[PDB]
Structure formats: C-alpha cells, structure tokens
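Below is one structure, written out as structure tokens; the observations come after it.
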Amino acid sequence: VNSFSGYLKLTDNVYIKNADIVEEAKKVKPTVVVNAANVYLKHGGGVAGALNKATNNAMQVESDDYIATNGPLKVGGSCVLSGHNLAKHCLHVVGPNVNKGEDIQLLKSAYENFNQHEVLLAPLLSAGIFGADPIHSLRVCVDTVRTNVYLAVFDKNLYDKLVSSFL
Ligand SMILES: CC(C)Oc1ccc(C(=O)Nc2ncnc3[nH]ccc23)c(Br)c1F
C-alpha cells in the first residue's frame, strides 16, 4: 500500500492521473520523482522548468555542479540527484527530443531507467515540448516499465484522450 490517490489503473504496474506533477510531488513526497531532463540538465521549461521552479532553483544549482563534474548525460540516460522539497530523489531521465531530431527508438531506453526504482512518480517521457506523441509514449511506458509507475498528465484534455484510446 502506498499514498498515491485518485489514479486510474492501466495495467498491473502502471497508473495514471490528470495532475500537476509539481503539486502531486509536494503532496505525496514520493521516494522518486522523475524529471523530463535534457542532457545538459538545463531545466528551463516544460516539466523540468516547473519542477526546478518549485525547488527555488536549488535543482538547477545542484545540476550545474553535476554537469561540471560529470559532463552531459546521454539521450536515453539518467542520473539520480536530490528530490529537494519535492521527493527523496529526483531521477533525471532524458527522453529523445523530436524537436531536435533525436531517434524516437531511444524512448524505450529512457523508460528502462525507471526499472531501477521500485516506485516512481513520473511524466510521460518525450511528451509536451519534447515533441513526441504522448499516446506512443504511454504505450512504450507500459511495454517497458515493470516497476510501479504513477503517471501525472497535466493537460486534462490529453489525459482523457490517453485513457479513452488505451489498449
Ligand atoms: C501538445 C500538448 C498536449 O502536450 C502536452 C502538454 C502538457 C502536458 C502535461 O500535462 N505536462 C505536465 N505533466 C505533469 N506535470 C506537469 N507540470 C508542468 C507541466 C506538466 C503533456 Br504530458 C503534453 F504532452
């Protein structure tokens, strides 16, 4: 039993809700919140900008030190950093950004990072400003993640479309 509330169950392990991931993280304080990161951990907009804003820019400060030490992530890769006031940990995961021409096949690799964590609060990878089809992202999520994932979808219209079209 966990503290996530109001989710629709899609499969044995995947759950979905129309919610602002920032507000959901603040309420649940999950062990792991997933960020929709880029390889430079520049949290300017989208989910990343919102999460970073909620940490009062502490996420960005920590991220800049991470990059200075380690260099950029790989597309499809991830790193574990602090969750600040939102979660114990933040798993920064880089899905391919279609608006940069990146290979959509890397979306499966990106979701594989979730399997290293028993339970996660997450957005749909490569959705929103990353330019992929969120219906496809949900399909890859369900077919790749085996651990327990609670998906927050900000847009109510998109949420209803994802549910109603789910196979
Ligand atoms: C073309 C348009 C429909 O694309 C999208 C628009 C918005 C979302 C969305 O709800 N994003 C979020 N989800 C959870 N927390 C969040 N905090 C801040 C944003 C946010 C998504 Br997934 C989209 F794909």
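Odds and ends about this structure:
- Value of [θ]222 nm, deg cm²/dmol, for the chain, DSSP H segments ≥ 4, -39500 (n - 2.57) each, nearest 500: -10000 deg cm²/dmol
- Under the convention that each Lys and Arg Cβ holds +1 and each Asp and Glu Cβ holds -1, the size of the dipole of the chain around its Cα centre is about 220 debye.
- Since only 141, 38, 157 are under comparison, the one whose Cα sits farthest along the positive direction of the charge dipole of the stretch 8-163, derived from C-beta charges on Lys, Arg, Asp and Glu, is 157.
- Note on residue 88 and residue 26: the model spin-label points, each 7 Å out from Cα along the C-beta direction, lie 2.3 nm apart.
- In the stretch 81-139, trypsin sites (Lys or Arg not before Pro) in a DSSP loop with at most 13 other beta-carbon atoms within 10 Å: 88
- This model, with +1 at the C-beta of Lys and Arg and -1 at the C-beta of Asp and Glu, gives the stretch 1-99 a dipole about its Cα centre of some 160 debye.
- For the residue pairs 29/100; 100/161; 9/100; 27/100, the C-alpha atoms sit more than 30 angstrom apart in 29/100; 9/100; 27/100.
- Within-15-Å neighbourhood charge of residue 68 [Cβ basis; K, R +1; D, E -1]: -2
Values in this text are rule-based calculations from the coordinates and carry no lab data. As a convention, Cβ positions derive from the backbone with ideal geometry for all residues, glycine included, and neighbour counts pool all protein chains shown.
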